[PDB]
Structure formats: structure tokens, C-alpha cells
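Q: Mind having a look at this structure? Questions to follow.
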Amino acid sequence: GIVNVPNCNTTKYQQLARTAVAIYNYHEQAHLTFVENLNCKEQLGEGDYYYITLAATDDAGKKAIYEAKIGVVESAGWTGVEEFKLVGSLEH
């Protein structure tokens with residue numbers, strides 16, 4: 001459901017762009033100044049997130065707990081892992 005945003009220089013999308021610029025400026029120690037938006041597309045309400053704690057054994061047979069955060073956008077068939085962390089050992 002990606003749709004073209006017809007007017008992209010309203011306060012809502014200017015705010016989004018300025019927030020993105022601020023985040024980039026913080027990470028990259030840059031000094032960008034937002035000017036204006038050129039095009040904008042939006043896809044609303046289609047992002048699903050799953051937080052799964054699972055057990056898994058490794059090549060040596062040792063078992064452990066993992067936490068995974070998974071994003072799914074069904075319309076695009078997209079499934080992506082955003083986090084996959086080892087949490088704790090399940091061996092006595």
C-alpha cells in the first residue's frame with residue numbers, strides 16, 4: 001500500500017524530514033540544514049513486529065536462549081530480522 005504523498009511540504013512531512021536530518025546530524029557529526037521536501041511516499045498500517053524468545057542448539061550441541069525482533073510487511077512479502085541476541089545458556 002505504498003502511496004504517493006501528494007503534497008509533501010505540509011508541517012507533518014516537514015517535521016519528519018527535519019527529524020531525520022537531526023538524527024543523521026547526530027550520528028555523522030554533520031551539519032545539514034533541511035531546505036524542502038521534493039517527493040514523499042508513505043505506507044501506513046502495514047508494519048508488523050514479532051518479539052520471539054527461542055531456544056536453539058549450536059554446532060557443538062550446546063543449547064541457549066535467543067531473542068529475535070522480526071519485522072513483517074505482508075503485502076511486500078518482506079520478513080526482516082532487526083535484532084537477534086544471545087540471552088542465556090541452557091546447559092546445566
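Every chain in the C-alpha cells has a letter given in the order shown (A, B, ...), and although residue numbers restart at 1 in each chain, ligands are simply numbered from 1 in the order shown.
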Excluding same-chain residues fewer than 3 positions from residue 4 (chain A), what lies within 8 Å of it counting only C-alpha atoms, as a ChimeraX atom specification?
A: /A:40-42
Q: As a PyMOL selection string, please: the residues near residue 66 (chain A) (cut-off 9 Å, only C-alpha atoms, same-chain neighbours under 5 positions excluded).
A: chain A and resi 52-56+84-88
Q: Could you write those residues out with C-alpha atoms, as a PDB file, in the first residue's frame?
A:
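Result saved to selection.pdb:
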```pdb
ATOM      1  CA  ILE A  52      10.298 -14.071  19.873  1.00  0.00           C
ATOM      2  CA  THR A  53      12.300 -15.742  22.622  1.00  0.00           C
ATOM      3  CA  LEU A  54      13.572 -19.098  21.408  1.00  0.00           C
ATOM      4  CA  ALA A  55      15.903 -21.963  22.259  1.00  0.00           C
ATOM      5  CA  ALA A  56      18.441 -23.099  19.683  1.00  0.00           C
ATOM      6  CA  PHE A  84      18.924 -11.356  17.141  1.00  0.00           C
ATOM      7  CA  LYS A  85      20.695 -11.560  20.501  1.00  0.00           C
ATOM      8  CA  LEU A  86      22.026 -14.343  22.677  1.00  0.00           C
ATOM      9  CA  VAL A  87      20.388 -14.067  26.090  1.00  0.00           C
ATOM     10  CA  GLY A  88      21.488 -17.017  28.209  1.00  0.00           C
TER      11      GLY A  88
END
```
Q: Running DSSP on the backbone, which parts of chain A land in strand (DSSP E), as a PyMOL selection string?
A: chain A and resi 3-4+41-42+48-57+63-73+78-89
Q: Generate a file of the selected residues that holds N, CA, C and O atoms, formatted as a short mmCIF file (atom, residue, chain, number, x, y, z; two decimals), in the first residue's frame.
A:
```
data_model
loop_
_atom_site.label_atom_id
_atom_site.label_comp_id
_atom_site.auth_asym_id
_atom_site.auth_seq_id
_atom_site.Cartn_x
_atom_site.Cartn_y
_atom_site.Cartn_z
N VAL A 3 1.78 4.62 -1.14
CA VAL A 3 1.04 5.63 -1.88
C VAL A 3 1.88 6.90 -1.95
O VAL A 3 2.62 7.23 -1.02
N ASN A 4 1.78 7.58 -3.08
CA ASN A 4 2.48 8.85 -3.25
C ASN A 4 1.80 9.90 -2.38
O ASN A 4 0.57 10.02 -2.38
N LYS A 41 6.63 9.32 -0.26
CA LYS A 41 5.71 8.21 -0.33
C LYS A 41 5.50 7.69 1.08
O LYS A 41 6.37 7.84 1.95
N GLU A 42 4.34 7.11 1.33
CA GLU A 42 4.08 6.61 2.66
C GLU A 42 3.35 5.29 2.56
O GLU A 42 2.61 5.03 1.61
N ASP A 48 4.23 -5.01 10.86
CA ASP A 48 4.01 -5.91 12.00
C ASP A 48 5.35 -6.23 12.64
O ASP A 48 6.38 -6.28 11.97
N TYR A 49 5.36 -6.42 13.96
CA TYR A 49 6.60 -6.72 14.67
C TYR A 49 6.38 -7.91 15.58
O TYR A 49 5.37 -7.97 16.29
N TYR A 50 7.32 -8.84 15.57
CA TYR A 50 7.24 -10.03 16.39
C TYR A 50 8.46 -10.08 17.29
O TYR A 50 9.57 -9.84 16.83
N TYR A 51 8.24 -10.32 18.59
CA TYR A 51 9.33 -10.42 19.55
C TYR A 51 9.31 -11.85 20.06
O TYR A 51 8.41 -12.24 20.82
N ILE A 52 10.31 -12.63 19.67
CA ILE A 52 10.30 -14.07 19.87
C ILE A 52 11.49 -14.44 20.73
O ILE A 52 12.63 -14.09 20.40
N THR A 53 11.24 -15.12 21.85
CA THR A 53 12.30 -15.74 22.62
C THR A 53 12.32 -17.22 22.26
O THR A 53 11.30 -17.89 22.37
N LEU A 54 13.48 -17.72 21.83
CA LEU A 54 13.57 -19.10 21.41
C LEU A 54 14.82 -19.79 21.93
O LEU A 54 15.84 -19.16 22.23
N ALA A 55 14.75 -21.11 21.97
CA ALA A 55 15.90 -21.96 22.26
C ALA A 55 16.45 -22.50 20.96
O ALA A 55 15.69 -22.84 20.06
N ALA A 56 17.77 -22.61 20.88
CA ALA A 56 18.44 -23.10 19.68
C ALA A 56 19.73 -23.76 20.11
O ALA A 56 20.38 -23.30 21.06
N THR A 57 20.09 -24.85 19.43
CA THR A 57 21.34 -25.55 19.72
C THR A 57 22.35 -25.18 18.65
O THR A 57 22.00 -24.98 17.49
N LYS A 63 22.87 -25.71 23.97
CA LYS A 63 21.61 -25.01 23.82
C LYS A 63 21.64 -23.66 24.54
O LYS A 63 22.34 -23.50 25.55
N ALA A 64 20.89 -22.70 24.02
CA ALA A 64 20.89 -21.35 24.57
C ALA A 64 19.59 -20.67 24.19
O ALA A 64 18.88 -21.11 23.29
N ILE A 65 19.28 -19.60 24.91
CA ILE A 65 18.12 -18.75 24.64
C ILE A 65 18.56 -17.59 23.77
O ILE A 65 19.59 -16.96 24.06
N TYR A 66 17.78 -17.28 22.74
CA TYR A 66 17.98 -16.15 21.84
C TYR A 66 16.71 -15.30 21.84
O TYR A 66 15.62 -15.85 21.96
N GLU A 67 16.86 -13.98 21.74
CA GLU A 67 15.74 -13.06 21.47
C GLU A 67 15.88 -12.45 20.08
O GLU A 67 16.93 -11.90 19.75
N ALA A 68 14.80 -12.51 19.30
CA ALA A 68 14.78 -12.01 17.93
C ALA A 68 13.65 -11.01 17.81
O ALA A 68 12.55 -11.25 18.32
N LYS A 69 13.91 -9.87 17.17
CA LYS A 69 12.86 -8.95 16.78
C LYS A 69 12.75 -8.99 15.27
O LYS A 69 13.76 -8.84 14.58
N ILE A 70 11.54 -9.24 14.76
CA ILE A 70 11.30 -9.52 13.34
C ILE A 70 10.25 -8.53 12.88
O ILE A 70 9.25 -8.31 13.58
N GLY A 71 10.50 -7.89 11.75
CA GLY A 71 9.53 -7.01 11.13
C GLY A 71 8.98 -7.71 9.91
O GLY A 71 9.74 -8.36 9.18
N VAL A 72 7.67 -7.62 9.72
CA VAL A 72 6.97 -8.24 8.61
C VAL A 72 6.09 -7.19 7.95
O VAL A 72 5.37 -6.46 8.62
N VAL A 73 6.17 -7.11 6.62
CA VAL A 73 5.21 -6.33 5.86
C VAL A 73 4.61 -7.31 4.85
O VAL A 73 5.27 -7.66 3.87
N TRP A 78 7.79 -9.10 2.81
CA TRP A 78 9.05 -8.80 3.45
C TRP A 78 9.06 -9.35 4.87
O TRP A 78 8.12 -9.12 5.64
N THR A 79 10.11 -10.11 5.22
CA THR A 79 10.35 -10.50 6.63
C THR A 79 11.80 -10.18 6.93
O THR A 79 12.69 -10.63 6.20
N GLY A 80 12.07 -9.37 7.95
CA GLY A 80 13.42 -8.93 8.21
C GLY A 80 13.74 -9.09 9.68
O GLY A 80 12.87 -8.90 10.53
N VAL A 81 14.96 -9.49 9.98
CA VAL A 81 15.38 -9.58 11.39
C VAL A 81 15.98 -8.25 11.77
O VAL A 81 16.91 -7.78 11.11
N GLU A 82 15.43 -7.61 12.80
CA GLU A 82 16.01 -6.36 13.24
C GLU A 82 16.95 -6.53 14.41
O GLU A 82 17.92 -5.79 14.54
N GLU A 83 16.70 -7.55 15.23
CA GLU A 83 17.59 -7.88 16.32
C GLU A 83 17.63 -9.39 16.47
O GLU A 83 16.62 -10.06 16.27
N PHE A 84 18.81 -9.93 16.81
CA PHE A 84 18.92 -11.36 17.14
C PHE A 84 20.07 -11.47 18.14
O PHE A 84 21.25 -11.37 17.75
N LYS A 85 19.73 -11.60 19.42
CA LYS A 85 20.70 -11.56 20.50
C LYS A 85 20.69 -12.85 21.31
O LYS A 85 19.63 -13.43 21.59
N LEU A 86 21.88 -13.27 21.72
CA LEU A 86 22.03 -14.34 22.68
C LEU A 86 21.71 -13.79 24.05
O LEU A 86 22.18 -12.71 24.42
N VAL A 87 20.90 -14.53 24.81
CA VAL A 87 20.39 -14.07 26.09
C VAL A 87 20.94 -14.88 27.25
O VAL A 87 21.19 -14.32 28.32
N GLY A 88 21.08 -16.19 27.08
CA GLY A 88 21.49 -17.02 28.21
C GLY A 88 21.66 -18.47 27.85
O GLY A 88 21.01 -18.98 26.94
N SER A 89 22.53 -19.16 28.58
CA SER A 89 22.81 -20.55 28.31
C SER A 89 21.80 -21.48 28.97
O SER A 89 21.41 -21.30 30.13
#
```
Q: Figure out the distance between CA of residue 5 (chain A) and CA of residue 44 (chain A), please, to one decimal in Å.
A: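 Between CA of residue 44 (chain A) and CA of residue 5 (chain A) the gap works out to 11.4 Å.
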Q: What's the separation between CA of residue 19 (chain A) and CA of residue 76 (chain A), in Å to one decimal place?
A: 26.2 Å
Q: Using only C-alpha atoms, which of A:47, A:1, A:20, A:74 sits nearest residue 32 (chain A)?
A: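 Looking at the shortest contact to residue 32 (chain A), the residue is A:20.
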Q: Name the residues in contact with residue 31 (chain A) at a cut-off of 10 Å, using only C-alpha atoms, excluding same-chain residues fewer than 5 positions from it; report them as a ChimeraX atom specification.
A: /A:21-22,24-26
Q: Could you dump the residues just selected with N, CA and C atoms as a short mmCIF file (atom, residue, chain, number, x, y, z; two decimals), in the first residue's frame?
A:
```
data_model
loop_
_atom_site.label_atom_id
_atom_site.label_comp_id
_atom_site.auth_asym_id
_atom_site.auth_seq_id
_atom_site.Cartn_x
_atom_site.Cartn_y
_atom_site.Cartn_z
N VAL A 21 16.88 14.62 9.55
CA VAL A 21 18.13 15.36 9.40
C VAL A 21 18.84 15.48 10.74
N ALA A 22 18.08 15.70 11.81
CA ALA A 22 18.65 15.85 13.16
C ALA A 22 19.32 14.56 13.61
N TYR A 24 20.46 12.10 11.57
CA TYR A 24 21.68 11.99 10.79
C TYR A 24 22.77 12.91 11.32
N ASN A 25 22.43 14.16 11.63
CA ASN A 25 23.46 15.10 12.06
C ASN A 25 24.10 14.62 13.34
N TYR A 26 23.32 13.96 14.19
CA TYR A 26 23.87 13.49 15.47
C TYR A 26 24.82 12.33 15.25
#
```
Q: What is the CA of residue 46 (chain A)-CA of residue 8 (chain A) distance in Å, reported with one decimal?
A: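 Rounded to one decimal, the two atoms are 20.6 Å apart.
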Q: Taking the chain letters and numbering used in this document, name the residues of region 25-87 of chain A that DSSP puts in helix (DSSP H, G or I), as a PyMOL selection string.
A: chain A and resi 25-27+74-76
